[PDB]
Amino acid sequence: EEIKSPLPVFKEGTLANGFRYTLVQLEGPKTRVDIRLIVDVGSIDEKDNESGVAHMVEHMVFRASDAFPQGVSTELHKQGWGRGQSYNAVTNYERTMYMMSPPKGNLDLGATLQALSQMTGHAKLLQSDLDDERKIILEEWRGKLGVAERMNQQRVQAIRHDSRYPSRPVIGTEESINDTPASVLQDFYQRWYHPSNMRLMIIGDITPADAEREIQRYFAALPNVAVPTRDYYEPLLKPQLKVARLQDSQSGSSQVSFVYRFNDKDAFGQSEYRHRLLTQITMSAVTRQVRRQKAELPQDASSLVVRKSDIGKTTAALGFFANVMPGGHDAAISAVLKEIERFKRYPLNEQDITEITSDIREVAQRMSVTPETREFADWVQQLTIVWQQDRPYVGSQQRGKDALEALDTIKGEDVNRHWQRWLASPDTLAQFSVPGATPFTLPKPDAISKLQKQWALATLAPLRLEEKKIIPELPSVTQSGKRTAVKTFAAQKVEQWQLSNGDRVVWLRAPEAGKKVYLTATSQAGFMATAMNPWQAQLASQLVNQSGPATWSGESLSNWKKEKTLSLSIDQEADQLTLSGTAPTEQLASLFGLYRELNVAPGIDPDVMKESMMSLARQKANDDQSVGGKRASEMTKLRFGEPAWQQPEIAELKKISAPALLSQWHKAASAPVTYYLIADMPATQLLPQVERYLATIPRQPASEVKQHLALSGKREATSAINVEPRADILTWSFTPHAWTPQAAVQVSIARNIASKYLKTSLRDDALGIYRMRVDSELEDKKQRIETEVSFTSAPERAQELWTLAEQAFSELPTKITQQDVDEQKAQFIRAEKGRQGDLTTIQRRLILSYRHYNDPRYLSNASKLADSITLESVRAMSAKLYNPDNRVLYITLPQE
């Protein structure tokens, strides 16, 4: 797709049996092709006894067929095709789609078409193949069982109530996957898989005459059988105020919404294209306005947004959603209904509509005179979109002319009328998500309409106007400090500078910095420092990171950085504070200047704070009764005895004030800093900027913060609380070992080989292991080899998995082969020399060096790292990866 190809020539056809095809010839990259077939059947067409059958047929048509009794995907493998790269399929509510990218492009077109015709017209759907395949469909189902899917099903259930969608999820049930016989799949195939229910599109380097012959060859003989007529794609819209709870015990969702459902494709006798353009203008106007209405929200509600979505072929949902402070759902739904009422009473901002309409006209103008040229993958993207909805493609040049035509028939009166139609839709829905165990009784419809009538009768202020944009500028800094000492490490190209405020600079003049300056500012101000309140310090760090300096805002901070191509981020860990940033060398004063302003003039953006409190509070409510909440608590007790700190109660959360947080930040900002600066410039250029912006920041000595250290010993625990049918097995082990680069390298090698050995030694598929992980490192701050072995598996033999891994660990130090080390040493040498000149690696090693030696020696003599990899050393270290004296085992089983 290197040279863009122009708008292609399209040829369409219909075989006698009703099979439709679309041929799209690109000047295109040479020989590349893309071949799609759609069968117009999805899970919505399943009957009550056919749960998930559409998706199972999708799998099964790659099995035995009349011409390939060993399976269609078997032959595809033989001829070089790869699962997911060369062939793929997807099933959704309404269609099943098969996609092919033959490895040899257009030369395999006949082969591809033979394969597709086999799948769609000659699949055997054999019981014996199905019993083999249902293990693969059950895995697909297990990996789909999280909170995100259960909540998605909650959303479909509510917003698509009174339709076929809620009872027809694509995957179907574990019962049907396990019990449904091939005979049911066969009847479904024979009901729906007929040529007039099918269409095919071929894109790329093709001769349309030749492709049409291959298509006649492989599809013309398929018998012309009708499929049932269907008119059940829409929810049954009726006047109503439905109330729903969106609920899952593992979800932190905390949210109210009010939703309008309506026929969105009805253009009311006017232009379909013009209608869609009215929708874009309106949604853009409403999106602009509803953001300004944030000023009107009470403390219980935030981030009110408007979202429009398809919920059928013709039905759409227009919804107002807002985040809710847990326990404030009643106040929040009222606040949402108040704003909806305000939109019913005032017209949309005329200037917004003027501007938005003008932006569109400028793009439609450019489109209408620019010749359309795209890369291959982009052509495929554009064309599949229109083809999936069974519509002809209209080029961007023609569509620019159509927009300009429609824009001439569109005044703000139309936009307002378009918008008020939506808000007058009689089919309505109110939704509540209330996290955890928050007291909640679902409002009755009358309670909701009561609030509607209260606001319909109320006096309401006009829509908010656009606020002036604040244009941030860094202050002038006239005071200067001084460098008071220089220590030189010429062999590493490093200078170390003491500054008058007690900070220091570690400056590496690395040519690899190019025309950029890289800053890492560290200090001992982690949130576990003695003077701080842990949770509040952490919230403070996050709020200042997003807000920027006192007189700025989160948004203006983000624009200002983009305009200077500059980054700077706060990260407060338990034991240290790191501010990291990059800028072009010409922007140095802006990088240092912003750094200093975060230190002495931090800001708290009131909207950011309100949003962060809601995030913390809904998570608190969820974590207090969630599975993950209990696992975190149990792992914490097993490994540490007590939590180092905790989140507060929601009631304390509500009371936190900006000055209390800024107090915490200033405590962190006062610990003295080491500036790791990587910049290829002369000292004379860097020193004045360091003395002006960095040596002038007030500091007081900080103490080193004690590490949170996992306790010695052997302890275990087993909890049957998992809501999904899986077992989670975690095991932790550690051995104190002094850190050196050599020792750290040996641990990583031992863990590579141990990873291989422990995965074959537990390779038996009867154990039921879905996922397995062996992690081990010589943690340099704690100076201990920490090892972590994780399993996710079927419950039945989960109690055997750690025993077998413990087994495999005891064997490992003698089973390690000289050949094993040889290929690791060789592959390490490859990665190490790939890391030469790597800025990230250089930065990390400069900081490691200073942490452990208080000098930059580690930047030299990386070459003799490889030399520490031997059989005798890797094995001596493989013995220390697991320490039976320090072993914590935690087993989560499905709930009883």
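Quick note: we count residues from 1 along the sequence shown, nothing fancier.
Comparing the deposited coordinates for 509-517 and 543-551, the stretch with the larger average C-alpha B-factor is 509-517. Higher mean CA B-factor, judged across 728-736 and 263-271 from the recorded values: 263-271. Among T315, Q365, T522, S590, the highest C-alpha B-factor recorded in the PDB entry belongs to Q365.
Taking the PDB entry at face value, the top CA B factor among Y233, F791, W419, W560 belongs to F791. For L865, the recorded CA B-factor ranks within the highest third of the chain. Only modelled residues enter the ranking. Residue-level temperature factors show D132 in the highest third of its chain, judged at the C-alpha atom. Sort the modelled residues of the chain by CA B factor and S849 lands in the lowest third.
The PDB entry assigns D352 a C-alpha temperature factor belonging to the middle third of its chain's modelled residues.
Among all modelled residues in its chain, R830 ranks in the highest third by Cα B-factor.
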